[PDB]
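*Asks:* Sequence and experimental coordinates follow.
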There are 8 protein chains.
Amino acid sequence: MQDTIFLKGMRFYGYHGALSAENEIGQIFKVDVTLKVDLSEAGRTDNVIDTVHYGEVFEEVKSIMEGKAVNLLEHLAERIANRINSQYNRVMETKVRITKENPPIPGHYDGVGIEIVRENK
Amino acid sequence: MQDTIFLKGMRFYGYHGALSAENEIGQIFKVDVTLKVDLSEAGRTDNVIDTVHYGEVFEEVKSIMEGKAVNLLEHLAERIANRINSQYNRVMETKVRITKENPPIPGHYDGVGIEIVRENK
Amino acid sequence: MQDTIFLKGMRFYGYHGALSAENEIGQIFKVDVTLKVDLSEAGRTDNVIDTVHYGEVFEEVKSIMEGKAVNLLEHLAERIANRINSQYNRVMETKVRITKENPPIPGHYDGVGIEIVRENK
Amino acid sequence: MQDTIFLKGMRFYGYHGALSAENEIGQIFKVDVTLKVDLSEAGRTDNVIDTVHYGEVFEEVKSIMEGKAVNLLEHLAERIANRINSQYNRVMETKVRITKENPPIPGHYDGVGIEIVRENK
Amino acid sequence: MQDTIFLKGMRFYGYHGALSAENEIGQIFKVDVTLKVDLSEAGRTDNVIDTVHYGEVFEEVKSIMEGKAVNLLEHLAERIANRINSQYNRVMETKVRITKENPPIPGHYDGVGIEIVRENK
Amino acid sequence: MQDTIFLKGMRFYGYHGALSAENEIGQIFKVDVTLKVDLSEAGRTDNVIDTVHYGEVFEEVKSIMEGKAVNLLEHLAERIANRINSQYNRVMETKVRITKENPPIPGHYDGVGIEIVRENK
Amino acid sequence: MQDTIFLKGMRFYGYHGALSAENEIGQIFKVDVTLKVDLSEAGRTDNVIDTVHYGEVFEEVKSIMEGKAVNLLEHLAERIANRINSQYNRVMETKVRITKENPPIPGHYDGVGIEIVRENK
Amino acid sequence: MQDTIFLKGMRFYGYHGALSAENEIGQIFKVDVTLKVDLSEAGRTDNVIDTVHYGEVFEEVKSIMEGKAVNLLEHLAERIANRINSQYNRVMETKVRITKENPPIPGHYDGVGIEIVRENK
Ligand SMILES: Nc1nc(O)c2nn(-c3cccc(C(=O)NCc4ccccc4Sc4ccccc4CO)c3)nc2n1
Ligand SMILES: Nc1nc(O)c2nn(-c3cccc(C(=O)NCc4ccccc4Sc4ccccc4CO)c3)nc2n1
Ligand SMILES: Nc1nc(O)c2nn(-c3cccc(C(=O)NCc4ccccc4Sc4ccccc4CO)c3)nc2n1
Ligand SMILES: Nc1nc(O)c2nn(-c3cccc(C(=O)NCc4ccccc4Sc4ccccc4CO)c3)nc2n1
Ligand SMILES: Nc1nc(O)c2nn(-c3cccc(C(=O)NCc4ccccc4Sc4ccccc4CO)c3)nc2n1
Ligand SMILES: Nc1nc(O)c2nn(-c3cccc(C(=O)NCc4ccccc4Sc4ccccc4CO)c3)nc2n1
Ligand SMILES: Nc1nc(O)c2nn(-c3cccc(C(=O)NCc4ccccc4Sc4ccccc4CO)c3)nc2n1
Ligand SMILES: Nc1nc(O)c2nn(-c3cccc(C(=O)NCc4ccccc4Sc4ccccc4CO)c3)nc2n1
C-alpha cells in the first residue's frame, strides 16, 4: 500500500531551540508531513468522510509548532506524529520532517533538521 | 523492472474541492504521473509504437482535471490512474500525485495533496 | 537622494477582494514596501534612533493586511502608504506594491497586482 | 505619477513565429503587462469601478496570445497595447513585454523577446 | 551497496523526436545519469584511477545527445546506458533519465520524459 | 522611445580571465543584451524585415563569447556592443551585461560582473 | 555614463543588529554592490589595470561584513561605500544594498534591508 | 528504523580536484549528510544529550571540506563518513553526498558528484 496524503513546506515562526538566544529571537521552522493512508475508498466514493482532512492536519501541526517552545526538533516531531496517529485511525503511519533553514550555525547551507517515521498503533 | 515514463508538474485550473467557494473560484492543481513501463523494446527499436505516448497521457489527465468538478483529489487521481491503466496494457502500474499549492488553508506552506499507486490489472 | 529602506516579499493570508467567494476563502497577498529615507545620519552614528525601524514598519503593514477585508488592493496600499507616511517624518516617500499571486483568474501567470508611490506631506 | 497596475508572467501556448515549424509545433509565450494608471481615487473609494480590472486585462491579453498566429512578437505586443489603450481611458500608457523562453535558437539562455511602451492617445 | 556517481541536469540542444517539426526546430533535452559504483577503494586511495571519471561520462552522454536525431527518448537512454556499461566494468548498473521540458504538448507542465535502469552484464 | 529587444541569461562556457588557471579551466559566462530599437513599424507590419533578428544577435554574442580568450569582461562586452551596433543601424543603443557566477573568488555570492551601455553612432 | 561593475548576492555570516540576541546568535547578511565606473578604456585595452578589480572589492566588503558587529545595516553600508570610494578614484559612485533575509521579525517575508548611494568625492 | 538527522546544501569553497588548475583556483563544493539515528528517546525526553548535535556534525564536515586539498570527492566523503561514524555511536549509518556544481567540464549541467553510504561498525 503506497498511497499517501501530504503537506509540504509548512512554515511557522517559532521559538524552539536548545539555545537561550534562539528561544528569545525565534526563527522559521519548515515542516513536511506524509501520511500513509489507504485512499481507494475515497477514490471510489468521492466522499470527504472516507479520507483524512489535510486542513485538520495542518491545524494540528500548527498548534504544536506555534505553541510552547521546546529544545528539540525531535520532540516537536514526536508530538506531531503522536498527535496525528492518535486522532486518525486511518493513518497507518506518520512521517514528520522538520527543517531549520537558519539555525545558529556559522556557515552556508540550505538547512539542517530531522525526520522521523512513526507507525500508528 | 525500474523503467518509468513520467509527466511532471502538469498544471490545470480546475474547480474541484469540498467547499462551495472553491467550486466557484477554482484554483491551480499540480499533477505528477509516473508510469511503470518496460522500455527496452522501444530502446531497441526506436519505434514510437513500442512505448506509451506521453502526449496521449497528458490529454487524458487534462480531460479529467479540466472536466467536471469533484470533491476530492483522491477521486480525481483514482479516475486518472484508472483511465491510464485501462487504455494502456503496457503500463504495469500508475502513480498519480495531485497537489493543491493554494487551498483554502490559512497558512504558509508549499502545498498539500495526495499520491496514489494503482497496479494495472 | 537615492537611499531607501525596504521590506520585500511580505506574505499575509487575507480576505480582500471584490468577489464574495474571495472574502470567504481568502488567499496569500504579497507586499513590497520601499521607503525613501536619508540614511547618512544613521550611517554616521550607528544609532538606531536616526533611522526608521523595519520591524515597526512590518507591524504596520501586517495590521492592515491581516485586518478587515476590503475590495481593492488599491485601497490596501493607500492605507499602508498613508499609515507609514503619517507615523514617520523621515520617510520622504512610500512605495507599496501588492501582488495577488493566485487571484480568481482562470489562467497561468506569476501574479497580478498594483503599485503606488505616495510622497510624505 | 508612478502608480501602476501589473500582470506578471502570464503564460500562453501559441503558434506565433516567422518559422513554419514554429507555427506547426507552437511554444509557450510569457507576457508582462504594466499599466500606468492613477490609483488614488480607488485608493480613497475602494470602489472597483474607479480602477482598471486586472481580470479583464488578462482576458484581452489571452484573446490575442491564444488567437491567430502572427510572425512577430512586435506585432503581438502592438495589438495588446493598442487593445488595452483603446478600451481603458484611465490607462495613461501600456508597457508590454513578451518573452520566448524556448525559441528555435541552438543555445543555452533564459529567454529572448521584446518590450514596447505605448502611451494612450 | 548504495554508492553512486551522478551527473545532474545535463542540458543539450538536440533534434530528437517522432515529429518532423521537432527534428527541424530542435529543443533542449535534460539528462540525469546515476551510476552504481563501489567507491570505497577510491575513498581509501584517493587515486583517480580507482573510480569512474565524471568528465568522461559527460562526454559519452554528450556525443549521443548531440549526435544523430532519433525518434525516442527511450532509444537515446538505451544507447547511453549501453555506452556507459560497455566502457566501465566498475559500473554495476546505469540509470538514465531524460526530460523534454518543452515538447510539442499544448499545455502547462514542468516536463515529460522517461527513466531507465540497466544493470551492467 | 522605450522599446527594446532583449536576450536574457545567455550562457557560454569560455576561457576568459586575467588568471592563467582561469584560461586553462574555463567557466560559464552569463550574458544579457538589451537593444534600444523602435519597434512600431514591425508592430504595424508584422514583417520580420522591419526589426532586428534575436537569433542573429545571439549568434554574434556567441561568436565572441566562445571565441578567443581575453582578460576582461569589459573587453568582451565592448566587442559585443560594437559588433551589434556596427551591423544593425536600427539599434540606437546596446546594453551588455556579463556575469561570472563562479569566478576565482573565495566566497559565497551569486555573481560578479560588469554592464556597459554604448550608443550606436 | 551608464557603465557599472557589480557584485551580487554576497553572503556573510555576521553578528550585527541592535538586539543583544542577534549579536549572540548572528545571521546571514546579503550584500549587493554596484559601482559606477567608466569601462571604455578597459573595453579598448583589455588591460586589467584600467578597471576596478571585482576581487579586491569583495575583499573590502568581506572585511567589513565579517568584522566587528555594529547595530545598523545603515552603518555597515556607509562603511563599505566609504571604503570603496576612498580606495578607487575610478569609482564615480557606490551603491550598497544590504538585506537581512532572516531578521528577528515574526513573520513571513523574503527580506528586509536598506540601500544607499554615495558619490565619490 | 527510518529516523534520520540531516544537513542539506552545506557549501564550502575548497581546492580539491585531480587537476592542478582546480587546486589553484578552487570552487564551491556542495555537501548533503544524512545520518541514520534512532530519535525516539530524544523525542520522549527533549534532552539534547539523547541525540546527535547538527552543529557538531557541520563542524566536522567543514574541517574536512575546508582543509587539505585532495584529488577525489570519494576520498573527501570517505573521510567525512568515517569521522562522523567514529565520534557518534548513535549514528547507525552515514550517507554523504558531495556535488561539484561547477567542475572543469565544458558544458551545461546542474552538477556532478558522488554519494556514499557507510554503516557505523
Ligand atoms: N540534534 C539537535 N536537535 C536540536 O533541536 C538542536 N538545537 N541545537 C543547538 C543547541 C545549541 C547550539 C546550537 C548551535 O547551532 N550552535 C552552533 C555551533 C554548535 C557547536 C559548535 C560550534 C557552533 S557555531 C560556532 C563555532 C565556533 C565559533 C563560533 C560559532 C558561532 O556561534 C544548536 N542543536 C541541536 N541538535
Ligand atoms: N483529504 C482531503 N481531500 C480533499 O480533496 C479536500 N478538500 N478539503 C476541504 C474541504 C473543506 C474545507 C477545506 C479547508 O482547507 N478548510 C481549511 C480549514 C479546515 C479545517 C479547519 C480549519 C480551516 S482554516 C481556518 C481555521 C480557523 C479559522 C479560519 C480558517 C480559514 O477559513 C478543505 N479537504 C480536503 N481533504
Ligand atoms: N483593479 C482591481 N483591483 C482589485 O483589487 C480586484 N479584485 N477583482 C476581482 C473582482 C471580481 C472578479 C475577479 C476575477 O478575477 N474575476 C476573473 C474574471 C474577471 C472578468 C472576466 C472573466 C474572469 S475569469 C473567467 C472568465 C470566463 C469564464 C470563467 C472564468 C473563471 O471564473 C477579480 N478585480 C480587481 N481589479
Ligand atoms: N525580432 C524578431 N522577432 C520575432 O518575432 C522572430 N521570430 N524569429 C525567427 C524566425 C526564423 C528563425 C528563427 C530562429 O531562431 N532561428 C534561429 C537561428 C537564426 C539565425 C541564424 C541561426 C539560427 S540557429 C542555427 C544556426 C546555425 C546552425 C543551426 C541552427 C539551428 O537551427 C527565429 N525571429 C524573430 N526576430
Ligand atoms: N513515449 C514517447 N517517447 C518519445 O520520445 C516521443 N515523441 N513524441 C511525440 C511524437 C509526435 C507528437 C508528439 C506530441 O507531443 N504531440 C502532442 C499531442 C499528441 C497527441 C495528441 C494531441 C497532442 S497536442 C494537441 C492536441 C489537440 C489539438 C492541438 C494539439 C497541439 O498540436 C510527441 N511522443 C513520444 N512518446
Ligand atoms: N574588473 C575586472 N574584470 C575582469 O575581467 C577580471 N578577472 N579578474 C581576476 C584576475 C586575477 C585574479 C582574480 C580573482 O578573483 N582573484 C580573487 C582574489 C583577488 C584579489 C585578492 C584576493 C582573491 S581570493 C583570495 C584571497 C586571499 C587568500 C586566498 C584567495 C583565493 O585565491 C580575478 N579580475 C577582474 N577584474
Ligand atoms: N532601520 C533599522 N536598521 C537595523 O539595522 C535594525 N536592527 N533592528 C532591530 C532591533 C531590535 C529589534 C528588531 C526586531 O526585528 N524586532 C522585531 C519586532 C520589532 C518591533 C516590534 C515588534 C517586533 S516582533 C514581535 C512583536 C510582537 C510580539 C512578538 C514579536 C517577536 O519578538 C530589529 N532594527 C533595525 N532597524
Ligand atoms: N570520479 C571522479 N572524481 C573526482 O573527484 C574527479 N576530479 N576529476 C577531474 C580530473 C581531471 C580533469 C577533470 C575534468 O572535468 N576534465 C573535464 C574533461 C575530462 C575528460 C575529457 C574531456 C574534458 S573537458 C574538454 C574535452 C575536450 C576539449 C576541451 C575540454 C575542456 O577542458 C576532472 N575527475 C574526477 N572523477
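*Replies:* Perfect, I can see it now. Numbers count the residues shown, from 1 in each chain, chains lettered A, B, ... in the order given. Ligands and ions are numbered 1, 2, ... in the order given.
*Asks:* which residues does the spatially closest residue to residue A:5 that is not a sequence neighbour form a beta bridge with?
*Replies:* Leaving aside its sequence neighbours, residue A:5 sits nearest to residue A:35 (CB to CB, 6 or more residues apart in numbering or on different chains; 4.5 Å). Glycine gets a C-beta too; all of them are placed from N, C-alpha and C. Taking DSSP bridges as the rule, residue A:35 bridges to residue A:5, residue A:94.
*Asks:* Now do the contacts for residue A:35.
*Replies:* A:4-6, A:52, A:57, A:84, A:88, A:91, A:93-95 (CB atoms under 8 Å, 6 or more residues apart in numbering or on different chains).
*Asks:* Please pick the buried ones from those.
*Replies:* Neighbour-count burial (16 or more other CB atoms under 10 Å in any protein chain shown) applied to these gives A:4-6, A:52, A:57, A:84, A:88, A:91, A:93-95.
*Asks:* how about a markdown table for the residues you listed, with distance to residue E:69 added?
*Replies:* Below are those laid out as a markdown table (distance: CB to CB, whole Å):
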| residue | distance to residue E:69 |
| --- | --- |
| A:4 | 40 |
| A:5 | 43 |
| A:6 | 39 |
| A:52 | 48 |
| A:57 | 49 |
| A:84 | 51 |
| A:88 | 52 |
| A:91 | 50 |
| A:93 | 47 |
| A:94 | 49 |
| A:95 | 44 |
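*Asks:* Ligand 7: which of those is nearest?
*Replies:* Using CB to the nearest ligand atom, residue A:57 comes nearest to ligand 7 of the buried ones among the contacts of residue A:35, at 26.5 Å.
*Asks:* can you confirm the closest one is in a helix?
*Replies:* Yes: the assignment for residue A:57 is a helix, going by DSSP: H, G, I helix; E, B strand; the rest coil.
*Asks:* dump the residue contacts of it.
*Replies:* Shown in contact with residue A:57 (CB under 8 Å, 6+ apart): A:5, A:7, A:33, A:35, A:84.
*Asks:* For the last one, which non-adjacent residue is closest in space?
*Replies:* In other words, residue A:84. Spatial nearest neighbour of residue A:84, chain neighbours left out: residue A:94 (4.8 Å); criterion: CB to CB, 6+ apart.
*Asks:* And the third one, by the same measure?
*Replies:* Closest residue in space to residue A:33, ignoring its immediate chain neighbours: residue A:7 at 4.7 Å, by CB to CB, 6+ apart.
*Asks:* In terms of helices and strands, where is that neighbour?
*Replies:* strand A:4-14 (DSSP states H and E).
*Asks:* Hmm, residue A:62 is touching residue B:107, no?
*Replies:* Yes: using CB atoms under 8 Å, residue A:62 is in contact with residue B:107, at 6.7 Å.
*Asks:* right, is the lengthiest helix in chain A up against ligand 1?
*Replies:* Secondary structure of chain A read by DSSP state H shows that its longest helix is helix A:73-87. Yes: judged by CB under 6 Å from any ligand atom, helix A:73-87 and ligand 1 are in contact via residue A:73.
*Asks:* what does stretch A:15-31 give?
*Replies:* Yes: for stretch A:15-31, a contact with ligand 1 is found by CB under 6 Å from any ligand atom, at A:17-19.
*Asks:* Inside helices: which ones of those residues?
*Replies:* Short answer: these have none in helices (DSSP H).
*Asks:* tell me the contacts of the closest residue to chain D within chain A?
*Replies:* Closest contact between chain A and chain D, by CB to the nearest CB, is at residue A:9 (20.6 Å). The neighbours of residue A:9, taking CB under 8 Å, 6+ apart as the test, are A:30-32, B:109-111.
*Asks:* Going through these, which ones are buried?
*Replies:* With burial judged by 16+ other CB under 10 Å, the buried subset of these is A:30-32, B:109, B:111.
*Asks:* Looking at these, which is nearest residue B:25?
*Replies:* Proximity of the buried ones among the contacts of residue A:9 to residue B:25 (CB to CB) peaks at residue B:111, which lies at 17.5 Å.
*Asks:* That closest one and residue B:98 touch, don't they?
*Replies:* No: with contacts counted by CB under 8 Å, residue B:111 stays clear of residue B:98, the gap being 9.9 Å.
*Asks:* which residues do the two both contact?
*Replies:* Common neighbours of residue B:111 and residue B:98, using CB under 8 Å, 6+ apart, are residue B:30.
*Asks:* Check which residues of stretch A:104-121 are buried.
*Replies:* A:104-105, A:107-109, A:111-118, A:120.
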